[PDB]
Amino acid sequence: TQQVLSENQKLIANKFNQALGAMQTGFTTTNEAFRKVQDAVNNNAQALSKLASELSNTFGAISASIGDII
Amino acid sequence: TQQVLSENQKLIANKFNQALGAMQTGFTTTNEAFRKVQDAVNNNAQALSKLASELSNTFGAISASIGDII
Amino acid sequence: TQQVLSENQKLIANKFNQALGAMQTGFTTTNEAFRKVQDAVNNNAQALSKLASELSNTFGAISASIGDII
Amino acid sequence: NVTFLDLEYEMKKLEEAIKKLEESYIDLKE
Amino acid sequence: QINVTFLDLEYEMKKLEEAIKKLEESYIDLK
Amino acid sequence: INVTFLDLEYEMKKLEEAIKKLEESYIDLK
C-alpha cells in the first residue's frame, strides 16, 4: 500500500504545482488588468477635468468682457 | 500508521479539489467584473468624446457665423 | 519509509495551506481594488452627467430668453 | 448614453469564494 | 496635451479564461 | 459633485506579494 500511496502522492504534488502556475498566471493577469483600468480611468478623469476647467474659465472671461459693454 | 496516512491523503485530495472549484469561481467572477469595468469606462469615454465634439463643432460654427456678421 | 511518507505528507499539507493563505489575500485585495474602481468610475460618470445636464439646461434657457429678445 | 457601474454582485461572489477557500484549510488530523 | 483614451482588456480576459482552463485541468479523480 | 482619481498601487503591491508567496509554496516533488 505504501507504494500506491507514494505514487498517488506524486500525482497530488504534480496537479498541485500545475494549479499553482495557473493561479500565478491569473493573479499576474489581474494585476496588469488593474494597471490598465487605473491608467484609463485616470486619463479620462484628467481630460474631463481639463474640459470643465476650460469651459468655466472661458465663460467667466466672457461674462466679464460682455459685462463691461454695459 | 498506514491507514491514518491513507485517509489523511483522502482529505488532502478532497480539500484540494474544493479549493480548485473556489478558484474557478473566483477567476471567473474577476473576468466578468473586468468586462463590466471595460464596457463602463469605454461607454463613458465615448459619451465624453461626443460631448466635447458637439461643443467644439457648434462653437466653431458660431464663431464662423457671427464672425461673418462683421 | 513510513516516516518518510509522513514527513512528505506534512510538507504537502503545509505548502497547500501556505498557497491557500496567499490566495485568500490575493482575492481579498482584488475585491478591494474592484470597490475602488467602481467608486471612481461612478463618481466620474456622475460628474460628467452633472456637467452635461447643466450645460444643456442653461443653453436651452438662453435660447429661450434671447428668443424672446427676437 | 451615460451608464453607471455595479459590481456588488461580483464582489459578493468573491467574498463567497474566499469563504470556500477559508473552508478548504487542511487540518493535520494525526 | 491630453485626449480621451479607451480601455482594452480582451487579452487579459483571454489569459483569465486560459487560467480557469488550466485550473479545470488539475481535478483529481479518486481511483 | 466632484472629479476623483484612482489609486490601486497599494492593491497591486499586495497582489505581487501574494504572487511571490505563491511561487514560494512549490512542492519541489520530493
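Quick notes on the rules
For each chain, numbering restarts from 1 and follows the sequence as written, which can differ from how the entry numbers it; residues lacking coordinates are not listed. To label them, take the chains in the order written and letter them from A, then take the ligands in the order written and number them from 1. The side-chain numbers reported here are obtained from all heavy atoms of the structure, hydrogens and water having been left aside. The contact criterion used throughout is that any non-hydrogen atoms of two residues lie within 4.5 Å. Counting from the N terminus, the helices are the DSSP runs of H or I reaching at least four residues and the strands are the DSSP runs of E reaching at least two. To sort residues, take the accessible area from a 1.4 Å probe on protein chains only and compare it with the maximum for the residue type: under 20% means buried, over 50% means exposed, and anything in between is partly exposed. Here, a salt bridge means any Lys or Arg side-chain nitrogen found within 4 Å of an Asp or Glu carboxyl oxygen. Throughout, buried area stands for the accessible area (probe radius 1.4 Å) lost by two parts on being put together, summed over both. When residue character is reported, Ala, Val, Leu, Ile, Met, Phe, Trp, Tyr, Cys and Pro are called nonpolar, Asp, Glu, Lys and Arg charged, and the others, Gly included, polar. Only protein atoms enter the 1 Å grid used here. Points where a 1.4 Å probe fits but cannot escape make up a cavity, open sets with protein on both sides within 12 Å along at least five of seven lines make up a pocket, and a residue lines them when an atom lies within 4 Å of a point. Grid points are joined across faces, edges and corners, and a volume is the space filled by probe spheres set on the points.

As recorded in the entry header, the structure was determined using X-ray crystallography to a resolution of 3.31 Å.

The record lists the entry's title as "Crystal Structure of the Human Coronavirus MERS HR1 motif in complex with pan-CoVs inhibitor EK1".

As recorded by the PDB entry, chain A carries the name Human Coronavirus MERS HR1 motif and is attributed to Middle East respiratory syndrome-related coronavirus.

Caption draft 1: Region of interest: the arrangement of the chains. The chain pair with the greatest number of contacts, out of 9 pairs of chains in contact, is formed by chains B and D. Looking at chain A next to chain D, you find no contact at all, with the nearest C-alpha pair sitting 13 Å apart.

Caption draft 2: Focus on the environment of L15 of chain F. With respect to the secondary-structure elements, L15 of chain F resides in helix α1 (residues 9-23). The class of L15 of chain F is buried, set by a relative accessible area of 1%. The contacts of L15 of chain F, once residues within four sequence positions are left out, are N31 and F34 of chain A together with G26, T29 and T30 of chain C.

Caption draft 3: Looking closely at unusual backbone geometry. Although it is not a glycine, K29 of chain D sits at a positive phi angle of roughly 55°. Within the element layout of this structure, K29 of chain D appears in the segment after α1 (8-22). One non-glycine residue with positive phi stands out, namely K31 of chain E, at about 55°. Counting through the fold element by element, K31 of chain E comes out in the segment after α1 (10-24).

Caption draft 4: A look at the pattern of salt bridges. In the structure shown here, the tally under the stated rule is 11 salt bridges over all chains. In this structure, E16 of chain F engages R35 of chain A in a salt bridge whose closest nitrogen and oxygen atoms are separated by 2.8 Å. With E16 of chain F in helix α1 and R35 of chain A in helix α1 (residues 2-67), the pair connects residues from two separate chains. We classify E16 of chain F as partly exposed; its relative accessible area is 42%. Salt-bridge contacts for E18 of chain E lead to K22 of chain E; the nearest nitrogen and oxygen are separated by 3.1 Å. Of this pair, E18 of chain E and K22 of chain E are both found in helix α1, 4 residues apart, which corresponds to roughly one turn of the helix. For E18 of chain E, a relative accessible area of 26% translates into the label partly exposed.

Caption draft 5: Inspection of the interface of chain D and chain B at higher detail. Contacts between chain D and chain B engage 20 residues on the former and 19 residues on the latter. When chain D packs against chain B, close to 1,800 Å² is buried across both sides, 61% of that on carbon and sulfur atoms. Close ionic contact of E10 of chain D with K36 of chain B constitutes a salt bridge, the shortest N to O distance being 2.8 Å. Across the side of chain D that touches chain B, the residue classes tally to 9 nonpolar, 3 polar and 8 charged.

Caption draft 6: Broad picture of empty space enclosed by the protein. For the structure shown, the criterion picks out 3 cavities of 30 Å³ or more. Of the voids in this model, the largest cavity is the one considered here, and its volume is about 170 Å³. What lines the largest cavity is simply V41, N44, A45 and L48 of chain A, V41, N44, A45 and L48 of chain B together with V41, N44, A45 and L48 of chain C. Of all the secondary-structure elements, those providing two or more residues to the lining of the largest cavity are α1 of chain A, α1 (2-69) of chain B together with α1 (2-69) of chain C. For the lining of the largest cavity, the residue count by class is 9 nonpolar, 3 polar and no charged. Within this model, the second largest cavity holds a volume of roughly 70 Å³. As for the second largest cavity, its lining consists of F16, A19, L20 and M23 of chain A, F16 and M23 of chain B together with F16, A19, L20 and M23 of chain C. Broken down by class, the residue content of the lining of the second largest cavity amounts to 10 nonpolar, no polar and no charged.

Caption draft 7: Representation of the side chain of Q24 of chain A in the model. Structurally, the position occupied by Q24 of chain A is in helix α1. Beyond its immediate stretch of four places on either side in the chain, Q24 of chain A contacts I19, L22, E23 and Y26 of chain F.

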